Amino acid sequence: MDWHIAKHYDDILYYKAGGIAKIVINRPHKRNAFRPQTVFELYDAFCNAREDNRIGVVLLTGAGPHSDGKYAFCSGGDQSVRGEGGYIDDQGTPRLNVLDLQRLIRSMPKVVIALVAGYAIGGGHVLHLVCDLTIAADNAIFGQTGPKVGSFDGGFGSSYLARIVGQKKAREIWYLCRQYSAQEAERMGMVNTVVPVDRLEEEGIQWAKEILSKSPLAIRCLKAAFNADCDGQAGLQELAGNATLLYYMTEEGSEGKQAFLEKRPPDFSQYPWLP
């Protein structure tokens, strides 16, 4: 596919083609671990994709293979910049800004697909989970390490994982910190499909296209609806927000706006009280 570069970053690469955007984590020397900068850039890129009216689907993946032949989606938080209370940015401030990225991916009204080749570990594992869909290469390796490396993600990393693979498997994943193959990840319900490494991107594009032929309004409403099963009032905000969006496309709704601007009482008398 004709990928065009959309913006230049230090830690990532960002492209667009038709209704598809592609974001690539580009720190293969650290198994694509994110440092605070990486997250800022990821945030910026996803935000860009959110703002682009032509983009309906974002493919997220890791740069590879590395000089050692190994693939990686993301290895999570860069431990070489970790200190007191978080990951230290260039200015000395401790951060856990991936939490903001998690929220953006989760709430943005575009479908996000993780394309996992090789390692999706730790925060990189949580990143794949929060994407709407996951397509794995048959060399993909999934797991958490928190309790081994002195961390934990007790937010979407735990609760949301449990809403994917159930409570028994979710706990196993976190407590033992083992590694799981692509086939195991699919069997437990956290990977949508598995393809050969050299077919990964093409599968991503194929899935993106099947989505891009759908109604954008139906898709955004559904995404909000799924979030509403998890995120209480925050979820209701997204779902009700879309109801308001749709209501702002009605004649009935516009009558209320015009009435105010024209400084007259609104006339809703023609509109029925449906069952």
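Residues carry their position along the shown sequence, with the first being 1.
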| task | Quick one: say whether 41 to 49 or 28 to 36 has the higher mean Cα B-factor in the deposited entry. | result | 28 to 36
| query | In the PDB record, does 203 to 211 or 237 to 245 carry the higher mean Cα temperature factor? | reply | 203 to 211
| Which listed residue, 107, 134, 144, 79, has the largest C-alpha temperature factor in the record? | 79
| query | Of 63, 218, 57, 228, which one's C-alpha B factor is largest in the deposited record? | reply | 63
| message | Per the entry's values, where does residue 118 land by CA temperature factor relative to the rest of its chain, in the lowest, middle or highest third? | response | middle
| request: Name the third of the chain's ranked CA B-factors that contains residue 148, choosing lowest, middle or highest. | output: middle
| field | residue 97, C-alpha B-factor rank within chain (lowest, middle or highest third) | value | middle
| remark: residue 88: CA temperature factor from the record, placed by chain third, in the highest
| message | Considering every modelled residue of the chain and its Cα B-factor in the PDB entry, is residue 72 in the lowest, middle or highest third? | response | highest
